[PDB]
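Undergrad:
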Amino acid sequence: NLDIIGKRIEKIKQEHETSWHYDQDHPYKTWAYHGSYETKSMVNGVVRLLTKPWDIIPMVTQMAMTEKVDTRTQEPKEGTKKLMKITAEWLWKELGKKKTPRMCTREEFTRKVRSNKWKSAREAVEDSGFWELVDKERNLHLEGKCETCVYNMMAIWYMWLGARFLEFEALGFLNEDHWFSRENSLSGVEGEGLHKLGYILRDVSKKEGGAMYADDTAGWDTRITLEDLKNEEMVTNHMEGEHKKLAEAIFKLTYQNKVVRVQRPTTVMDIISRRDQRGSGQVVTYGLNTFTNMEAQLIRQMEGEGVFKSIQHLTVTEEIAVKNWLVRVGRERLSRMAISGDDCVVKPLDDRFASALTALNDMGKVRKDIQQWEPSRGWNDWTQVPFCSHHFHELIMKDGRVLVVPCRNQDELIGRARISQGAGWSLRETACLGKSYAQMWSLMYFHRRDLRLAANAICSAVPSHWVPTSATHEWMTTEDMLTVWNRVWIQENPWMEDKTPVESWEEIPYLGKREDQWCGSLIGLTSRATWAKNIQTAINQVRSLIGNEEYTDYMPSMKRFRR
Ligand SMILES: N#CCc1nccn1CC(F)(F)F
Ligand SMILES: [Cl-]
Ligand SMILES: [Zn+2]
Ligand SMILES: [Zn+2]
């Protein structure tokens, strides 16, 4: 502990030697406090002016206004611990069968920062001194020591660009080489895209079994145990030479021991430490969350099938039974799930899964909004299952071909598009962000009447050649959106046997009007009728603010506006 954290703490203490104050009123129970020192969402106007009816919907307007991290998870039982290690060992082998671990490069890192001591990260990557500091820490990590890998809590834990690269170097391959691809993981959806998730849930529904279960975990990142962090580290058993040592060092020194700087208003910076819970880059968090969630859900499926009786201790024959289950049905059982970090849908063999709660509760993966020992409520219809903040409609085109389309409450979609992240945005930057939302809506949400109309209005109000700005983001392009639609929904869609291109937006269907209203459409209101009727006047208001640019009228892509 202090041997691994001291240097990091020793170092911060000196840079603030004229402030070190061991505040005795520190609020930390579960975090080890080490000392203190002295320290100190905007509305997108283009989207809002073209969505006026929503100016009076509180669910939209409130979205733009405005003691769980300090908890302690218990050590699981011996039987639980054995089930986790055996499952983790087998899972890493399976993920590894068709992938080779490998180091990610300065080059790869240098490129990303350029596609989004030093002001920005863009500058540091172009300074040799930064890489020299990286070299110093890198050689420190080969030595089994750490000086500069310190979390900054804000719950999103920032590190300085150097520590990020060393994380990326060692573990980037998990994301960069698609370890949690459905093809490689069977349960995963990494890189799948929102136009694929519905087809994937429908494929799970086709399996023989019971209800579909979609239990959310109450603060997944705070329930990651030291035993979880150790089972994740076993990916290093698949590595070699330098890589193996670098990966080991990130797991030992930054994940399984942590130093964090936090702002407290009583304003001081508190330097706290702990060994458990999740703390990594958002992208390594995603991959290790998916891995550990895959492991927890295979084990819950084991308990429902009665592969083991007691979590208190596992017999020698029970280890044989668990190992044999994995070898004979593990792959089939993985296929019965869709897992995206802390998010899952499971279609188990039968409904015994609903009351199989002992291992799940003992791993610390306690379900949200349900009593600890109350059986899970399953879904009977795949089109009602929540996954990745969506539900999925089955939608038949005039020509009989089947679209499985993503959906959510339309107030959420309009409230998000009306928000920009940051300040110093030009009108052109603001317009280009509005266009990114409009093109997403045309590609993913075309079946919502209000969104197809608002999307066409925004793309009409923003100069035709201005480039949109901000899994798979096909709407980030200047190509014609009907051509992108055809590629995404027809040409590249493995669930579509007939590849006949669509020739206009009118061949592309909407939900039923009642279904559209159920999911938050304002179709049928007076406010929405006036907006639709007078849309060219809203389009002209925004054109006049942006100025004398080249614009396209997209509204005649819709029949009601086609004269
Ligand atoms: N595994 C990792 C980190 C990662 N993957 C994609 C982007 N990033 C962030 C980084 F650029 F490295 F800082
Ligand atoms: Cl249902
Ligand atoms: Zn370090
Ligand atoms: Zn819907």
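Numbers 273 to 312, 319 to 344, 357 to 406, 418 to 455, 473 to 584, 588 to 791, 799 to 891, taken from the deposited numbering, label the letters of the sequence shown in order. Using N, Cα and C, we set each Cβ at its ideal position, and we do this for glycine too.
1) Would you mind reading off the limits of the alpha helix (DSSP H) that contains residue 753?
2) Excluding the 5 residues preceding and the 5 following residue 305 in the sequence, name in chain order all residues of the same chain whose CB lies nearer than 7 Å to its CB.
3) Given a cut-off of 9 Å on the beta-carbon distance, is the pair residue 644 and residue 823 in contact?
4) Going by the C-beta, is residue 701 closer than 8 Å to any heavy atom of ligand 2?
5) Measuring CA to CA, which of 813, 863, 882 and 694 is closest to residue 784?
6) Compare the Cα-Cα distances from residue 449 to each of 280, 522, 333 and 630 and report the closest residue.
7) Give me, in chain order, the residues of the same chain whose beta-carbon lies closer than 7 Å to that of residue 777; leave out the 5 immediate sequence neighbours on both sides.
8) Between which two residues does the alpha helix (DSSP H) holding residue 439 run?
9) At 4 residues or longer, and completely inside the region 491-523: list those alpha helix (DSSP H) runs for me, N to C.
10) Bridge partners of residue 591, per DSSP?
11) Under 8 Å from any heavy atom of ligand 3, does the C-beta of residue 444 make it?
12) Output the boundary residues of the beta strand (DSSP E) element that contains residue 712.
13) Buried or exposed: which applies to residue 567, given that a residue is buried once 16 or more other Cβ atoms fall within 10 Å of its Cβ?
14) What residue range does the alpha helix (DSSP H) around residue 374 cover?
15) Around ligand 4, what residues have a beta-carbon under 5 Å from a heavy atom of it, in chain order?
16) Within 10 angstroms of the Cβ of residue 317, are there 16 or more other Cβ atoms? Answer buried if so, exposed if not.
17) Just tell me which of 293, 285, 284 and 328 has its CA closest to the CA of residue 860.
18) If distances are taken between C-alpha atoms only, which option among 365, 527, 392 and 522 comes closest to residue 564?
19) Would you check whether ligand 3 has a heavy atom nearer than 8 Å to the C-beta of residue 571?
20) Would you say the beta carbon of residue 574 is closer than 8 Å to some non-hydrogen atom of ligand 5?
21) Quick one: what's residue 741 bridged to in DSSP?
22) Are there any heavy atoms of ligand 1 lying less than 8 Å away from the beta-carbon of residue 610, as far as the coordinates show?
23) Under 7 Å Cβ to Cβ from residue 819, same chain only, skipping five residues before and after it: list those, please.
24) Helix, strand or coil: how does DSSP classify residue 535 here?
25) In this structure, what does DSSP give as the bridge partners for residue 688?
26) With distances taken Cα to Cα, identify the nearest neighbour of residue 684 among 544, 625 and 433.
27) Please report the residue range of the alpha helix (DSSP H) in which residue 682 lies.
28) Say yes only if the C-beta of residue 685 is nearer than 8 Å to one or more non-hydrogen atoms of ligand 1, and no if none qualify.
29) Hey, out of 687, 652, 583 and 576, whose CA is closest to residue 481's CA?
30) Nearer than 8 Å: is that true of the beta carbon of residue 453 relative to any heavy atom of ligand 1?
31) Whose C-alpha, out of 496, 503, 525 and 492, is nearest the C-alpha of residue 551?
32) Measure from the alpha carbon of residue 330 to the alpha carbon of each residue in 888, 869, 876 and 875, then state which is nearest.
TA: Judging by the given coordinates:
1) Here the alpha helix (DSSP H) through residue 753 covers 748-765.
2) 298, 591 and 593
3) no
4) yes
5) 882
6) Comparing Cα-Cα distances from residue 449 to each of 280, 522, 333 and 630, the minimum goes to 280.
7) In chain order, 882, 883, 885 and 886 place their CB closer than 7 Å to the CB of residue 777, counting only its own chain and leaving out the 5 sequence neighbours on each side.
8) 429-443
9) Taking only runs of at least 4 residues, the alpha helix (DSSP H) segments lying wholly in the region 491-523 are 491-494, 500-503 and 512-523.
10) Answer is 308 and 580, bridged to residue 591.
11) no
12) 712-717
13) Burial call: buried.
14) Boundaries of the alpha helix (DSSP H) harbouring residue 374: 368-386, taken from the DSSP string.
15) 728 and 847
16) Looking at the chain, the numbering goes 312 and then 319, which leaves residue 317 without any coordinates in this model.
17) 328
18) 392
19) yes
20) Absent from the structure shown: ligand 5. Ligands present: ligand 1, ligand 2, ligand 3 and ligand 4.
21) 320
22) no
23) 827
24) In this structure, residue 535 counts as strand in the three-state DSSP scheme.
25) 535
26) 544
27) Per DSSP, residue 682 is one residue of the alpha helix (DSSP H) stretching across 679-683.
28) no
29) 576
30) Outside the cutoff, so no.
31) That would be 492, whose Cα lies nearest to the Cα of residue 551.
32) 869
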